[PDB]
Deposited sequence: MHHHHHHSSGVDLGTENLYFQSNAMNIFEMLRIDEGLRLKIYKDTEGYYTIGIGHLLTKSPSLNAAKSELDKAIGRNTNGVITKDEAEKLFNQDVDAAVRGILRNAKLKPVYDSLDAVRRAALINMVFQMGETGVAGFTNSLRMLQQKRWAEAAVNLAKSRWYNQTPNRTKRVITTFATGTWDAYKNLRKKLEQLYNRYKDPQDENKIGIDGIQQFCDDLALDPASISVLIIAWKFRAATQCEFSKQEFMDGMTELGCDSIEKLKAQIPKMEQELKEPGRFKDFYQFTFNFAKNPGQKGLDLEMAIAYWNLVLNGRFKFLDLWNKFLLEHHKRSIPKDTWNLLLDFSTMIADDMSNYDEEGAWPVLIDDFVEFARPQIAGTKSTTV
């Protein structure tokens, strides 16, 4: 198995497709770099466990994801060779250009790549410039403009320059924010610098929207992995490019489905690692940021919690408050006293009703 050509392909597709260490929901059960497990979560974990050779519980290491990737590369290579429209192109290409073709197969399947009849012809004929121009005219160039440009450059040059240069630009940028006492992460100072460079306050909602798009785990913490993967997925190689992405992130929250996802992420981001709940003071601080102009009883809710609850906020209570905020009438007349709401919200309605 180890005799086959080589593994710059793993990092190439880690940049283009991304690496997920936990079982993710695909448009179904997927892990690593696009590795399909089945078509029940118990069956997905069963397939993953048998493939890895341990009880993973849905979480794998980078090396474990690399092993699944190599199996997917080999499967793709076999498929390409069994395809009459792809094999003559594949056989004729060098190791680097073969990797760019496998990348296309990973993204749209063999049928989709086969559709580029005129472009494949130019590639087989070693007309690199003509193929680079023709592949840019395609719709594939608009779906993934960052990925497509990288793949086109790989076919045009026969080098890893597009991926090397992006990693170099991001690595130099990372050096400005990294902690002097720890290279693998961005400290308090670095986070402040990053926010300063974006001309935003670190406690602002815009920074919280960024954290949501970066899928950052904890507030006041920012790892090299989060920075590298976040910037690449957002198609940004500089602070200016990330700054220009903020209006689109804002517009996305005007859709309720995306707002629910962002609101629920805020709980996970705001909490202290090792704690299941969110401290009252921290919850109120984040509620005033995410529910500002969405919940009429927000201040009365805060006043109620500081005077009557004085305790931690669980995940379910956090999630359910968004549902309460959107259904509740201005006079609270539509509130169901025996309608599944947590005790805390029942007590809030009882406390708030005499104050109209």
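S.K.: Please give the gaps, as residue ranges numbered from 1 in the deposited sequence, where no C-alpha is present.
M.R.: In sequence order, the gaps with no modelled C-alpha are 1-17, 24, 46-47, 60-61, 379-386.
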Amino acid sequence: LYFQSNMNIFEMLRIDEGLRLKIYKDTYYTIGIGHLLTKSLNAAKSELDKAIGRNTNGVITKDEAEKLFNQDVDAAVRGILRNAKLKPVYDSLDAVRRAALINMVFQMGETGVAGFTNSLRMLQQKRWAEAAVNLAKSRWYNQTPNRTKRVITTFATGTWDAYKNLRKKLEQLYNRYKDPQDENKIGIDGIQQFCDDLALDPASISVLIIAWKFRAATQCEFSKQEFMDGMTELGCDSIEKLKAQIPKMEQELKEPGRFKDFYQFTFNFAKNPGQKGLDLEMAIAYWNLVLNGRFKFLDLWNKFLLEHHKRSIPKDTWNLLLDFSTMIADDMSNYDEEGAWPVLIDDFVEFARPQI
From here on, numbers count along this sequence of modelled residues.
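S.K.: Specify whether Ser5 falls into a modelling gap in a third or more of the other PDB entries of this protein.
M.R.: yes, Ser5 frequently unmodelled elsewhere, at least a third of entries.
S.K.: Test of understanding: from the entry's C-alpha B-factors, which stretch has the higher mean, 98-106 or 122-130?
M.R.: Averaging CA B-factors over each stretch, the winner is 122-130.
S.K.: Mean C-alpha B-factor higher for 292-300, or for 28-36?
M.R.: On average, C-alpha B-factors are higher across 28-36.
S.K.: Quiz for you: based on the deposited Cα B-factor, which of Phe155, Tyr141, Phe265, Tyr286 is highest?
M.R.: Highest C-alpha B-factor among the listed options: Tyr141.
S.K.: Pick out which of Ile210, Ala162, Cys220, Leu135 has the highest C-alpha B-factor in the PDB entry.
M.R.: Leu135 has the highest C-alpha B-factor of those listed.
S.K.: Would you please rank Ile9 by its C-alpha temperature factor against the other modelled residues of its chain and give the third it falls in: lowest, middle or highest?
M.R.: Within its chain, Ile9 is a highest-third residue by C-alpha B-factor, going by the deposited values.
S.K.: What third of its chain, lowest, middle or highest, does the C-alpha temperature factor of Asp229 fall into?
M.R.: Tercile = lowest for this residue's CA B-factor.
S.K.: Compared with the other modelled residues in the chain, in which third is the CA B-factor of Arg78?
M.R.: Within its chain, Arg78 is a highest-third residue by C-alpha B-factor, going by the deposited values.
S.K.: Check where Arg167 lands among this chain's C-alpha B-factors and tell me if it's the lowest, middle or highest third.
M.R.: Lowest third, going by the recorded CA B-factors of the chain.
S.K.: Just say lowest, middle or highest third for the CA B-factor of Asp179 relative to the other modelled residues in its chain.
M.R.: Highest third.
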